[PDB]
Every structure is written in structure tokens, then in C-alpha cells.
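Residue numbers (the entry's author numbering), protein chains in the order written: chain G, 32 to 57, 67 to 137, 151 to 185, 189 to 309, 312 to 321, 321A, 322 to 397, 411 to 457, 462 to 505; chain U, 1 to 52, 52A, 53 to 76, 76A to 76G, 77 to 82, 82A to 82C, 83 to 100, 100A to 100D, 101 to 111; chain D, 1 to 52, 52A, 53 to 72, 72A to 72H, 73 to 82, 82A to 82C, 83 to 100, 100A to 100F, 101 to 110; chain B, 517 to 549, 567 to 663; chain B', 517 to 549, 567 to 663; chain V, 3 to 30, 33 to 91, 96 to 105. A prime marks a further copy of an entry chain.
Think of the CB as a built atom: it goes at the ideal place given N, C-alpha and C, for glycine as much as any other residue.
Quick notes on the structure that follows.
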Amino acid sequence: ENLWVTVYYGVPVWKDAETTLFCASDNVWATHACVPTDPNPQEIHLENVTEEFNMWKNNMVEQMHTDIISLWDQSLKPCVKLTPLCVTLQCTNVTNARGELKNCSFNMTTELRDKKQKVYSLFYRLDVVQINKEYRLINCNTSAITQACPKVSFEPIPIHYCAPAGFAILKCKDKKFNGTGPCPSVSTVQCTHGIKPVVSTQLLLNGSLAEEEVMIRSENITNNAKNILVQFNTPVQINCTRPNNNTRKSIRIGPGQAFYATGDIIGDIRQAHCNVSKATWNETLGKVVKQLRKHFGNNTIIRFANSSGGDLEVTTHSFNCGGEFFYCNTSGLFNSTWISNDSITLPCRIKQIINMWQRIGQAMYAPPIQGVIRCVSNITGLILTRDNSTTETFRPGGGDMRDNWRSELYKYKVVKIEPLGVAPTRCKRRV
Amino acid sequence: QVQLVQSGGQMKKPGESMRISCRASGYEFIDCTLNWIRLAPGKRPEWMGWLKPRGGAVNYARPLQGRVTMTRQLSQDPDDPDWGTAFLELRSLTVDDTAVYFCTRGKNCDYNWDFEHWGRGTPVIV
Amino acid sequence: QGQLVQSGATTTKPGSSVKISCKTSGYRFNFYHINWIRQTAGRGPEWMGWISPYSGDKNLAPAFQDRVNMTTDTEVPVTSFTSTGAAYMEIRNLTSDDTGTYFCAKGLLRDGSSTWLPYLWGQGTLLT
Amino acid sequence: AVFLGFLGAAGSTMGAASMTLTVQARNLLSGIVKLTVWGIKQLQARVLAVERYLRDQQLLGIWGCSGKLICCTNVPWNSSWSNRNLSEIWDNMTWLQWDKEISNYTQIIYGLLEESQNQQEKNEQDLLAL
Amino acid sequence: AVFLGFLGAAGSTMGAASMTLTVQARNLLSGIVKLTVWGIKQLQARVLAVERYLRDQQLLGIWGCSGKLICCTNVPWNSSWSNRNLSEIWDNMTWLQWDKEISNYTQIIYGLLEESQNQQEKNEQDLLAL
Amino acid sequence: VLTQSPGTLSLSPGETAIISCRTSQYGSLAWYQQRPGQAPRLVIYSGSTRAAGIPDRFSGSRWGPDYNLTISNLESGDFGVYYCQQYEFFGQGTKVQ
Ligand SMILES: *[C@@H]1O[C@H](CO)[C@@H](O[C@@H]2O[C@H](CO)[C@@H](O[C@@H]3O[C@H](CO[C@H]4O[C@H](CO)[C@@H](O)[C@H](O[C@H]5O[C@H](CO)[C@@H](O)[C@H](O)[C@@H]5O)[C@@H]4O)[C@@H](O)[C@H](O[C@H]4O[C@H](CO)[C@@H](O)[C@H](O)[C@@H]4O)[C@@H]3O)[C@H](O)[C@H]2NC(C)=O)[C@H](O)[C@H]1NC(C)=O
Ligand SMILES: *[C@@H]1O[C@H](CO)[C@@H](O[C@@H]2O[C@H](CO)[C@@H](O[C@@H]3O[C@H](CO[C@H]4O[C@H](CO)[C@@H](O)[C@H](O)[C@@H]4O)[C@@H](O)[C@H](O[C@H]4O[C@H](CO)[C@@H](O)[C@H](O)[C@@H]4O)[C@@H]3O)[C@H](O)[C@H]2NC(C)=O)[C@H](O)[C@H]1NC(C)=O
Ligand SMILES: *[C@@H]1O[C@H](CO)[C@@H](O[C@@H]2O[C@H](CO)[C@@H](O[C@@H]3O[C@H](CO[C@H]4O[C@H](CO)[C@@H](O)[C@H](O)[C@@H]4O)[C@@H](O)[C@H](O)[C@@H]3O)[C@H](O)[C@H]2NC(C)=O)[C@H](O)[C@H]1NC(C)=O
Ligand SMILES: *[C@@H]1O[C@H](CO)[C@@H](O[C@@H]2O[C@H](CO)[C@@H](O)[C@H](O)[C@H]2NC(C)=O)[C@H](O)[C@H]1NC(C)=O
Ligand SMILES: *[C@@H]1O[C@H](CO)[C@@H](O[C@@H]2O[C@H](CO)[C@@H](O)[C@H](O)[C@H]2NC(C)=O)[C@H](O)[C@H]1NC(C)=O
Ligand SMILES: *[C@@H]1O[C@H](CO)[C@@H](O[C@@H]2O[C@H](CO)[C@@H](O)[C@H](O)[C@H]2NC(C)=O)[C@H](O)[C@H]1NC(C)=O
Ligand SMILES: *[C@@H]1O[C@H](CO)[C@@H](O[C@@H]2O[C@H](CO)[C@@H](O)[C@H](O)[C@H]2NC(C)=O)[C@H](O)[C@H]1NC(C)=O
Ligand SMILES: *[C@@H]1O[C@H](CO)[C@@H](O[C@@H]2O[C@H](CO)[C@@H](O)[C@H](O)[C@H]2NC(C)=O)[C@H](O)[C@H]1NC(C)=O
Ligand SMILES: *[C@@H]1O[C@H](CO)[C@@H](O[C@@H]2O[C@H](CO)[C@@H](O)[C@H](O)[C@H]2NC(C)=O)[C@H](O)[C@H]1NC(C)=O
Ligand SMILES: *[C@@H]1O[C@H](CO)[C@@H](O[C@@H]2O[C@H](CO)[C@@H](O)[C@H](O)[C@H]2NC(C)=O)[C@H](O)[C@H]1NC(C)=O
Ligand SMILES: *[C@@H]1O[C@H](CO)[C@@H](O)[C@H](O)[C@H]1NC(C)=O
Ligand SMILES: *[C@@H]1O[C@H](CO)[C@@H](O)[C@H](O)[C@H]1NC(C)=O
Ligand SMILES: *[C@@H]1O[C@H](CO)[C@@H](O)[C@H](O)[C@H]1NC(C)=O
Ligand SMILES: *[C@@H]1O[C@H](CO)[C@@H](O)[C@H](O)[C@H]1NC(C)=O
Ligand SMILES: *[C@@H]1O[C@H](CO)[C@@H](O)[C@H](O)[C@H]1NC(C)=O
Ligand SMILES: *[C@@H]1O[C@H](CO)[C@@H](O)[C@H](O)[C@H]1NC(C)=O
Ligand SMILES: *[C@@H]1O[C@H](CO)[C@@H](O)[C@H](O)[C@H]1NC(C)=O
């Protein structure tokens, strides 16, 4: 009939988009520089709304994974470069009886450019390689090395991702929501929750649990080359420690250049390891094999094994504990074939010369942590990898790092608001 | 310009082992997954396993577990930094392992099983 | 703009109860009422009652309040505006007078003065 | 009324969502509360906020709708855009469903609103020339 | 009409160029589509775009012309500004020729339009005080 | 889980070679051509999408668990062994000659 167009401004309509999200806080991650998080976190429920999500096409995980890499390189700029340490090392074994951590001495530069000094230090064997006894730092024939500033914090801080004005973040309050599909119960938030950027491997640490039951993800579970993300609903307690009482020695290697070395080990020499409750891990491995039958069959066998090969950062549980990077042999956790007081101890190693991420260009020297190291964490997730009939084996994997933040950013999605709507109604303007 | 270059053929005996290479060039090595396919006359093309250069994460096929091993060795010199070398090792060789071994890569790094690029082949006679 | 397929033509005898289904598609099942209408051999058409898949609210005629068992599930959402729901139908004191063809019906609008009016009909189910 | 909040009626009818416009009119620009990572990235987001906002105010200005939340115009509703009834729109489909059906013709309508305004102040220019 | 385009009537009469204002009203702000050379230089240009635009909207707002493409006011045309006839302007010289002749008095006119608006809402303030 | 038939196809340059391949699971099946001595060549992927450099004579169709590959006009170079592929599994081959 007499229908003319009428412009509406401020209508609830959005589109899929990817913008530059900013961080909010309440260390390396420079969380002091983010906007102070609002004490009132407004969450508005979008009743009658269904939205299509996909944690694998999600861009917040691609942006954050670069926002952590760009945070790592940003924090090591003013820190001391350990380039003169790439010198011929004279190493022995530290007195004991396995000869792991070495005792190396070397002619080192001083504050005066014409004076040398014969100083010594301890290096784990993972940081050195022989020549033909003579050694050298592992990174010398590859890249330069920057020592981490001993005043920045390696501690994961709850980081909040927020969308700019005119954009919005879409939550998903579905408590059985697998990664993809349409979330039936959707709400909107100005900022995400407290994301702890815990760099982990194989076993996701300190993550957010799942309500109701434990779900597993993976974009296509039948594609064996897709990392399966399992998310526990109850937390399995894991305790880790480096029992050796270490010492840190400051070595002046120039005008203001002070390399911090491992002096000696006070007291006993022991072995760094981790503990989990075998009962809690047995029931949790039961919870994972429960949901695994809904995708593979109620009669097929499910086998667990350790890694099949690759780098050190993937074949072992690698993480941070008090400020030092463990590499925990997880073969004692994945050794159970399922069909139908306790304490499991993992032998962990320690590295100081790491590259992190997987970039070829720069390695970081972590100065040794003084005192005895022990940290208590929860493992909340798991990154598995299946291997030709009706019996599926599963092994841990940790190829890509951005699968970590993806296990926390699956509940979110960025959309842009376009508040311009044109719709007809029997309305016209005068003359 | 994706191009995969392998090593020469080898004649082995039962009980020994093999080591073949696969130097790729023309694409980011750590972004795309590589595979190993053997082709014996009168048999099905057998998939040995894939390897992701990002950390070296590998997945072996069941009939080869314990005998197959795949590694990598990407160069660390930023001038020609777009190349890696996927190595394949098969121990305790039998006469059934006589075939031509290929290394393959998907048409794109999103889907791995669309082998558009193939190596020239490394024939092995046990 | 979607289908509302029902069950078959199950014929029983008086005194018993009969279950009738109504599987929806092509539309948001929780956005529109589900009416139930029948045309028996003895009268014309008679409005039985509707139910809200969103509010879970019922309103049925006094001639069928003490006989009709009417329930709905919860939709399995396919897309943002598509879903797949189900509406169930059962009677109590059955006679040969209730012999007729039964169908479900999706509501007309989502608001206004004709929110529940039976717009999109099913296919029909022959009773006893 | 019920304070549903920001985008509270995204799944509701276009007639119910049209009565709560000043809710999404506030939070489209939010507000107020130097070289690092988020520092440069925050300023890049603060500029983009006012650009997308001024585009919607510039478009509203050249249509004669500057200051309106609901604005009536002269362009008649072409049946080729959407040959749907008035009751099957405002009391049925949502604003999200509406934008998908009009996504094609939405550029033609934006041009019809511009000249409909220029050929209105030009007519009023002659209306006050005496 | 003929879609001459952006600044298509820069050499045409002021009467012909005055009927195509929404063409240069769109591209004055364009739109939407991080540390390098052009990166910092692009953001510096994106900020300058909205500043010069808001100045022309702020000036239009304090004149009572907020939302107008052609705006009539109260300030009478002083013969000292341009003692030219109405036909020798709108059907002769272009908007470029016009700005050179008014470049002097253009600042006095901008002040006369401001108080002519404040002494209009103040009069209307008393007009609605009863 | 892949059953490829036939095993051999005797044809002349000018006929049409149609080779099927039944699969138990559903996925992105593909096809390969291996001329004598040379390496296999990707022909069709994701069911029906044609590869790069492949003539339009090659075409693939799908109906349920059955995937078919047909060559519209055989030449002296199209004679070889063809394989179907889903995930990591392949067919036994079909040598056309
Ligand atoms: C999400 O989406 C759903 C589905 O679209 C929306 O639910 C629908 O909302 C519309 C409008 O809000 C409803 O239309 C109205 O229907 C009522 C009929 O209800 C009356 O009778 C009921 C049965 O007898 C009775 O339950 C009601 O009593 C109250 O108690 C129930 C308890 O469950 C409570 O839940 C109810 O909300 C009631 O408050 C009630 O007495 C009808 O009366 C309405 O007509 C009036 O209003 C219209 C204008 O809206 C006016 O034009 C009329 O003249 C009259 O004044 C109106 O038709 C519809 O029934 C709902 N259900 C559907 C479509 O299945 C929901 O609102 C959406 N929510 C959000 C947040 O987006
Ligand atoms: C890694 O390797 C470094 C070597 O590069 C070790 O450092 C050396 O450790 C040894 C002990 O293991 C140190 O030797 C001790 O030195 C003491 C200092 O005395 C010196 O100075 C006085 C002058 O005041 C001289 O008179 C004296 O002769 C020394 O030259 C000595 O007091 C110690 O004597 C002990 O041994 C003798 C002989 O067995 C006994 O009779 C004594 O009673 C006494 O018990 C001893 O000689 C050496 O100085 C260290 N070198 C440096 C440069 O510090 C690290 O310990 C090693 N770290 C690890 C973890 O293995
Ligand atoms: C997973 O989360 C855990 C808790 O959120 C992490 O545990 C934290 O680990 C850090 C470092 O490993 C600890 O910081 C240490 O603090 C102690 C001193 O703390 C004690 O004294 C203070 C008083 O000031 C008291 O408040 C504390 O409760 C302690 O009694 C020192 O030894 C060091 O300075 C060191 O920085 C945290 O204390 C610890 N938190 C808890 C609750 O235990 C764990 O590291 C996380 N895992 C990973 C992999 O990130
Ligand atoms: C530290 O101790 C280990 C273990 O005893 C030594 O390893 C030996 O190295 C020699 C090389 O000359 C080999 O011939 C032996 O077979 C190794 N032993 C074992 C058990 O593996 C290592 O050489 C010691 N390092 C130093 C610097 O003394
Ligand atoms: C830098 O030197 C190290 C020495 O350990 C090289 O790494 C070894 O290289 C040999 C053969 O080149 C391999 O057999 C070993 O497995 C390698 N070990 C490790 C831990 O990688 C490394 O290749 C050298 N890098 C460059 C760029 O020359
Ligand atoms: C590890 O274990 C649990 C995970 O649920 C956490 O302890 C509980 O945390 C919740 C949430 O703050 C509290 O409501 C409970 O009272 C806590 N339980 C106890 C016994 O204190 C704990 O914070 C987790 N640690 C992490 C995630 O770092
Ligand atoms: C680890 O070793 C350090 C020293 O190497 C110990 O620190 C000493 O602590 C006592 C307090 O009981 C102080 O009186 C000493 O002065 C400290 N020594 C130094 C050099 O600072 C520390 O107690 C040891 N801790 C453990 C768990 O073995
Ligand atoms: C990991 O360490 C924590 C802390 O030492 C252990 O929690 C203690 O458990 C004992 C035995 O039940 C209690 O008596 C203590 O009160 C607990 N400590 C605290 C602070 O609550 C935990 O049992 C350890 N778990 C494993 C697997 O080693
Ligand atoms: C992780 O621990 C397992 C055992 O818990 C180690 O397995 C050993 O593997 C070697 C061959 O690689 C065998 O000869 C040993 O007999 C195995 N030991 C046991 C106890 O079974 C494994 O080597 C460890 N990982 C690393 C990197 O050392
Ligand atoms: C793995 O990916 C394939 C391809 O996307 C999925 O196959 C589709 O599955 C849906 C759901 O049954 C069907 O409607 C499509 O017809 C299938 N397409 C193809 C090409 O097979 C498969 O579902 C995925 N794996 C799982 C476990 O869902
Ligand atoms: C330091 O240099 C001197 C030069 O004579 C050499 O004898 C000595 O071995 C060097 N020190 C080390 C630890 O190599
Ligand atoms: C998630 O659920 C949807 C429908 O509920 C299903 O289509 C999809 O395959 C599921 N995701 C996975 C990884 O199976
Ligand atoms: C995995 O377990 C096997 C068998 O115990 C062992 O030979 C191998 O060394 C282990 N690998 C790792 C990385 O733990
Ligand atoms: C409707 O739009 C078409 C172009 O899409 C145009 O040709 C036609 O004249 C228009 N009709 C009305 C009544 O606006
Ligand atoms: C908009 O154009 C596309 C062109 O591919 C067409 O498919 C679609 O149907 C059009 N929209 C409507 C509402 O017809
Ligand atoms: C014209 O402007 C002059 C100042 O340039 C002023 O003195 C005079 O009063 C003005 N006359 C009129 C009629 O506006
Ligand atoms: C504006 O002022 C300058 C002052 O040098 C003068 O030369 C010029 O003639 C003036 N403009 C007009 C239109 O008179």
C-alpha cells in the first residue's frame, strides 16, 4: 500500500568481522600497560539469539598468539645480550657418581676492554655441545642470545581482550558446546574473561575448566592430522619441583653488562620431577575415554602411548615453574589401553637456552632461579593426536602454540555493529 | 613454484636400514605438513606417516610403528630460509619393503591429503 | 517456510491412547506456537489447543482439557534462523467419535493480535 | 518496558527492537576511559571507533535524518526490494533476518535517500525565495 | 541531471554546482578501507580527516545549519562584501571565482552567523517560557 | 576401507574410461593418475573439483558413498593406472591401456 522507506538508527544487527582488540588488566606481558579492567563486567543476555561459531577460524587466537610473540620480543630489547658468552668452554662433570649439569669455566671479558677473567658457571647439558673436554653454548652456530631481564615476571596474568567501540564480542553459554556449530544460548560481553597466557605443551595448565561433562574438540575428529583438544571438567592436581638449591652469581662482562651465572649447588643434588595423583589421573583418563567412544564406537579399543618423536619441546611436557623451563617425560601418564598414596612421577629436565614459540633467529637465556623451586598447578586440558580399522591409539602432541589460547577463546567471537536499518512503514514527511 | 627433491636410489639387504631425504623449496617449510608414501607394484599405495616441521611432531602408520622414524633439518640462515629436509628411516628391512618411496605435500597447508606435489621417487630394492 | 511432518495413520480401539508426533524444520521452532486441529466424521473442524515452544505455556479448549496430553521437546538449532523441533499429541478417553484426521499447525506471527493462529499446517494423521 | 540491555532484542521482533534504540545509540561510541604494544593498538582502535561512527552520522545528515532515531522519508517502498506484508515484518522476522533479505538493494536505497533530500532543501530554497 | 561526479562542476556556474552538493558531501569523509612508514603516516592522515570535517560540522551547528546542505539565515547581504547582482553571480562566475572575491569578508560573516543563531534560540527560549 | 573397481580397463584412444571407488566413510575423496615410469598426478580432489592443468574431459561425480571418475575422450597419454584416495588410504589401481 502506501509504504515508504524509513531509516532506523541503532538497530540490533551485526556482521562477522575481525578488528584490533585491545587488552585490559586489573611482567613480560606488560599487563600494567593495559587499560584498568572495569570492576563491573557487564554481560548482556541475547535472548532468542542463535549464532554460528567456529573456534578454528577464530581470529582472536591468531591475534593473541601474535600479541604474545610481539610481547616477548618487546620485553627483551633492553636486556643484556650474551654474545661474549659464545666462547670456548672448559667443562667437567659436577661431582656425583648420571653426569647431567656440567661445571664450565671460560676466559670472559671484563669492565675494562683489555682485561680478561677466568670465571666458571654451571650449565645443564641441554645448553652445550662439544667440539671434538671443550664445549660451547648450543645457540652459537645458530643465532644470537639475549638474557632475560631478572626484573620482568614470567607469571601468567589474567589478560582481558576487549572489542573497540562499535564492535562487540559474542559469548556462548552453552555448557555442551563443541567448537563449531550454532551456539543456542548466546550473550554479549565488552571484554573476555581473565585469560591466563600459560605457555604449556601436551597438558594444558591452569586453564578454565568445563561445566557439566568433559568435552573434546578438534575441528574434524576423523582427520588424524588435527590436534584434538580435550577439556577436563575436574582438575587433576600436578606438583612439580626442582629440588636443587641453586645459587646465582653476577658476572660483570662490561660497562653495565652483568651476566647471571649458576654459582654452585648448596646441599643435595637431586632430580627435578613432577607428581600427579594416579587415582585422579585414572578417573580423568576414564572421563576422556568416555567421550572418545561417542566419536569412534562403543566397542573399539582406545590406546594411550607417549610421543612418537620430534623436538624436545613437543615430546615432553614443557612449561614454566618458578621461572625455569621444565621438560617432563609424560610416558608415565599415557600408558593405558582401555576397553569394555598413589602418585605418578615424571622425570623432568631443565633448559636455560630456549628459543620458545619455534622461531629461528633468537634464543633466550633464563637466569637461574635462586633457592629451591616448586610450583603447584592444575592441568585442565590435553592435546592428543590419534594414529586402520576399529582400535584407535592416542598420543600427546603440541605442534602449534596457538592451540593453547584457542582452548580459552573458543567461547568468543568478534562482530561489528552496523546500526543502520532501512524498513518500510506507512510514513512520509511533510512539505 | 613448489618442488620436492629426494635422494638417489638404494639397494639394501634384509636386516639393514635406509635413510632418504626430501628437500623442499618454494614455500614456508614449517607451515605445511609433509608425508611419505611408498608404492610397490601390485599393491596399494601405503601411507607411512606425516611430519609437521613445527616442532617435528610426527604420526606413524600402525604397520610401521617401531620401524619408521621421520625427522627434519631446516636451515638456520636467513637468505635462503625457505627450505627444509625431511628424512625417513626404516629399520629391520624385509623384502616386502621393496618399493619406490615418495614424499608428498597437500595442495594447500590447510588440507594435507590432497597430494598435488610429489617427489621424483626414491626406489629401494631389498 | 518449513515443513511439519507428523506420524503415520495408527488405528486403535476405544479406551486406549494414541501418540502423534510433529517434527518441524525450516523455521525457528521456539518462535511460533503449535496448534492442533482435527476434522472428525460427525462434526466439522474443531480447535483442540496450542502450546508455546518458548514459554512452555498451554491453552486448550474445555472440550479437550481433560483428554489431551500435549508436550514439546527442545529445538536442535541448525542455523541462526533454522531449527528442528518436535510436538507430541496424546488423548485419554478415546472413542469412535474422535475418529478423524489430525494435524499440527505452526503459529502465525511472533507478536500482535494473531500470534497463535494456525498458519503452517502438517499433513494429516488418520485416527481410529 | 524491560531493560533488556545492549542488543537485548537481537532475536526479538522488529517492532519490539525498534522501541529500544537509545540503548545501542549510547554504547556505539562509549567514551574516554603510550608507545608499547596495546598502547599503539589502543589508539588505532580509538580512531576506528569515531570513523565508523561519523560515517553513520554523515549518512544520516545527508538524508535529512540527522538527529533522528526513527526517520521517515519520501522514497516509496519498491516491491522488488521486499514484497512482504507490513504485519509479516514488524511482528515476525528480526532485524538480523531483515538485513540479509535487503543486503542486495541496500545500496540503491542509500542513493535514493540522498537525492530525495537534495530535492527537498532545493524545493524549500525556492519556497523561501519570496 | 548528469552525474558529473566529484567536483564535476568546479568550472560551472554557481547555480548548477549548487544542485549537486551531496556528491561532495559523501567523499569528504570517505571511510574505513601498524608501525612502519605509511602506517604511522596513514593514521596521521586519518585523524586529520575527521578534524577538518568536524570543524565544518561544528561551524554548521553553531549557525543553526546543522544538517543543511543549503541553509538560509538572517544576516543581510552587506553591499561592501560584494555589490554584485543576483543574476551576475548564480548564472555567471563559479564557486572558485566566488571564494576569491569573498576571501576577505569571510571571517566577518562567520561571526555574524553565530550571534544571529544565539539571538534566535534565546528569543525562542522566551517564546516557550509561557 | 576403499574398494576400487575395475582393476583393468582395456580401451582405445577415443572411448570413455569410467572408474568407480566405493568408500565406507564419508570425506574428501580424490583421484590420481600414474603414467608408466612417471610419478602419480592429482586429477580430481574433494570429490568433483578439477585440479590445475587438467583438461575439462576429466570429470568426477558423487552420489552417496560412491565416487566415479570419467574421461570424456581418451588419448594416447591418458593411458595409465588410476587411484582413488580418502585421508591416507588409496585404491588398488586401475591400469587403462
Ligand atoms: C522470544 O521469542 C518468543 C517467541 O517468538 C517470544 O514469545 C512470544 O512473545 C509474544 C509477545 O511477547 C507473544 O504474543 C503475545 O501473546 C499473548 C498471549 O499470552 C497470554 O495468554 C497466555 C496463554 O493464555 C498466558 O500464558 C499469558 O499470561 C502470562 O503468563 C505466562 C506464563 O507462562 C507468561 O510467560 C506470559 O508472558 C504472560 O505474561 C498471557 O495472558 C497475547 O496476550 C499478546 O497480545 C497482547 O499483546 C499484543 C502486543 O504484543 C497486542 O497487540 C494484543 O492486543 C494484546 O494486548 C501477544 O499476542 C507470544 O505468545 C510469545 N510466544 C510465542 C510466539 O510462541 C518472546 O517474547 C521473545 N522474547 C524476547 C526477549 O525476545
Ligand atoms: C666447579 O669447578 C670449580 C673449579 O674451576 C670449583 O671451584 C673450586 O673449588 C675448589 C674446591 O672444590 C676450591 O679449592 C679450595 O680452595 C680453598 C681456598 O683456599 C685457597 O687460598 C688459600 C689462601 O687463602 C691458599 O692457601 C689455598 O691453598 C687455596 O689456594 C682452599 O681452602 C681449599 O682447601 C681444601 O682442600 C685442601 C686439599 O684437599 C685441604 O687440605 C683443606 O683443608 C681444604 O679442605 C680448596 O683447595 C677452589 O678454590 C675453587 N676455585 C675457584 C676459582 O673458586 C667449583 O667448586 C666447582 N663447582 C661444582 C658445583 O662442582
Ligand atoms: C598456576 O597457578 C598457580 C597459582 O595461581 C601458580 O603458582 C604460583 O607460582 C608463583 C611462582 O611459581 C608463586 O610466586 C612465588 O611467591 C613466593 C612467595 O609467596 C609466599 O609468600 C606470600 C607473601 O608475600 C604469600 O602470599 C604466598 O601465598 C606464599 O605463601 C616466592 O617463593 C616467589 O617470589 C614466587 O614468585 C605463587 O605464590 C604461586 N601461587 C600459588 C597460589 O601457589 C603456578 O605457577 C601456575 N602455573 C603455571 C605453569 O603458570
Ligand atoms: C660425565 O659422566 C659421564 C658418565 O660417566 C661420562 O660419559 C662417558 O663419556 C666417555 C667419553 O670419553 C665414554 O667413553 C663413556 O662411555 C661415557 N660413560 C657413560 C656411562 O656413558 C662423561 O664423559 C663425563 N664427563 C666429564 C666431563 O667427565
Ligand atoms: C649447529 O651445530 C649443531 C651441533 O649439535 C648441529 O646440530 C646437529 O647436527 C648434526 C648434523 O649436522 C645432527 O646429526 C644432530 O642431530 C644435530 N643436533 C641437534 C641437537 O640439532 C646444527 O645442525 C648446527 N646448525 C647449523 C645451522 O649448522
Ligand atoms: C586449581 O583447583 C581449583 C579448580 O577448580 C581451584 O580451587 C577452587 O577455585 C574455585 C574458583 O576460584 C573456588 O570457588 C574454590 O573454592 C577453590 N577450591 C579450593 C579447595 O580452594 C584453584 O584455584 C585452581 N588453581 C588454578 C586454576 O590456578
Ligand atoms: C638454600 O641455600 C641458601 C644459601 O645457599 C640458604 O640460605 C640461608 O638461609 C639461612 C636461614 O635459615 C640464613 O641464615 C643464611 O644466611 C642463608 N644463606 C645465604 C648464603 O643467604 C637456604 O636456607 C637454603 N634453602 C634450602 C631449602 O635448602
Ligand atoms: C600437591 O601439593 C599439595 C600441597 O603440598 C598437596 O596438598 C596437601 O595434601 C595433604 C594431604 O591430603 C594435606 O594434608 C595438605 O593440607 C595439602 N596442602 C594444602 C596446602 O592444602 C597435594 O596433595 C599434592 N598432590 C600431589 C598429587 O602430590
Ligand atoms: C621417558 O621415560 C621412558 C620410560 O618411562 C623411557 O623409555 C625408555 O626407552 C628406551 C629406548 O628409547 C628403552 O631402552 C628403555 O628401556 C625405556 N625405559 C623404560 C623404563 O621403559 C624414555 O627413554 C624416556 N624419554 C627420554 C627422552 O629419555
Ligand atoms: C570431517 O569432515 C567432513 C567434510 O567436511 C565431514 O563430512 C560431512 O559431514 C556432514 C555431517 O554428516 C555431512 O552432511 C556432509 O555431507 C559430509 N561431507 C563430506 C564431503 O563428507 C565430516 O562430518 C567430518 N567429521 C565429523 C566427525 O563430523
Ligand atoms: C685463557 O687463555 C689462556 C691463554 O694462555 C689459556 O691458557 C687458558 O686455557 C684460557 N682459559 C680457558 C678456560 O680456556
Ligand atoms: C559440533 O556439533 C555440531 C552439531 O551439534 C556438529 O555438526 C559438529 O560436527 C560438532 N563438532 C564436531 C567436532 O564434531
Ligand atoms: C616413549 O616410550 C618408548 C617405550 O617405553 C620409549 O622407547 C621412548 O624413548 C619414549 N619416548 C619419549 C619421548 O618418552
Ligand atoms: C523498483 O526498482 C527497479 C530497479 O530495481 C526500478 O526499475 C523500478 O522502476 C522501481 N519501481 C518502483 C515502483 O520503485
Ligand atoms: C543478492 O544477490 C545474490 C547474487 O549471488 C543472490 O544470490 C541473492 O539471491 C540476492 N539476494 C536476494 C534477497 O535475492
Ligand atoms: C557593512 O559592513 C561594514 C563593515 O565592513 C559596517 O560598518 C556596515 O554597518 C555594514 N552595513 C550593512 C548594511 O550591513
Ligand atoms: C583583500 O585584502 C587585500 C589586502 O592586501 C586587498 O589587496 C584585496 O583587494 C582585498 N580583497 C578584495 C576583494 O577587495
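- Within chain B, the residues whose beta carbon sits less than 7 Å from that of residue 503 of chain G are 605, 606, 607, listed in sequence order.
- When distances are taken from the beta-carbon of residue 462 of chain G to the heavy atoms of ligand 11, even the shortest one reaches 7 Å or more.
- Collapsing the DSSP output to three states places residue 328 of chain G in coil.
- The contact set of residue 27 of chain V on chain G, defined by CB atoms closer than 9 Å, consists of 278 in chain order.
- Distance from the CA atom of residue 536 of chain B to the CA atom of residue 490 of chain G, rounded to whole angstroms, is 19 Å.
- Sixteen is the threshold: when 16 or more other Cβ atoms of the shown chains lie within 10 Å of the Cβ of residue 80 of chain D, as they do, the residue is buried.
- When DSSP states are grouped into helix, strand and coil, residue 101 of chain V belongs to the coil group.
- Taking a beta-carbon distance threshold of 8 Å, residue 392 of chain G does not count as an interface residue toward chain U.
- Counting along the chain, no alpha helix (DSSP H) covers residue 72H of chain D, and no H or E run does either.
- For residue 60 of chain V, the three-state secondary structure derived from DSSP is coil.
- Here the alpha carbon of residue 256 of chain G sits roughly 26 Å from the alpha carbon of residue 574 of chain B.
- About 5 Å separates the Cβ atoms of residue 52A of chain D and residue 29 of chain D, confirming a contact at the 8 Å cut-off.
- About 4 Å separates the beta carbons of residue 82A of chain D and residue 66 of chain D, which is inside the 8 Å limit, making them a contact pair.
- With 16 or more neighbouring CB atoms inside 10 Å of its own CB, residue 71 of chain U falls in the buried class.
- Interface annotation, residue 357 of chain G: not in contact with chain U, CB-CB separation never under 8 Å.
- For the options G:253, G:52, G:116, the alpha carbon positioned closest to that of residue 376 of chain G is the one of G:253.
- Contact check for residue 523 of chain B against residue 43 of chain G passes: the beta carbons are separated by less than 8 Å.
- Shown in chain order are the residues whose CB sits closer than 6 Å to a heavy atom of ligand 5: G:182, G:197, G:198, U:75.
- When 8 Å is used as the limit between beta carbons, residue 238 of chain G is near these residues of chain D: 72D, 72E, 72F, 72G, in chain order.
- For residue 654 of chain B, the uninterrupted alpha helix (DSSP H) run begins and ends at 639 to 660, by DSSP.
- In chain order, the residues that have a beta carbon nearer than 7 Å to some heavy atom of ligand 11 are G:128, G:130, G:158, G:159, G:160, G:169, G:171.
- With contacts defined as CB atoms closer than 8 Å, residue 173 of chain G and residue 156 of chain G qualify as a contacting pair.
- Assignment of beta-bridge partners to residue 466 of chain G by DSSP yields G:359.
- Relative to ligand 15, the beta carbon of residue 634 of chain B is positioned inside 7 Å of a heavy atom.
- Counting only Cβ-Cβ distances below 8 Å, residue 55 of chain U has contacts in chain G at 366, 367, 368, 371, in chain order.
- Interface with chain V (8 Å Cβ-Cβ cutoff): residue 76F of chain U is excluded.
- By the Cβ test, the segment 69 to 78 of chain G is in contact with the segment 203 to 217 of chain G, since at least three Cβ pairs between them sit closer than 8 Å.
- Straight through space, the alpha carbons of residue 198 of chain G and residue 74 of chain U are spaced by roughly 9 Å.
- Across the set D:60, D:72H, D:100B, D:54, the C-alpha of D:60 shows the shortest separation from the C-alpha of residue 49 of chain D.
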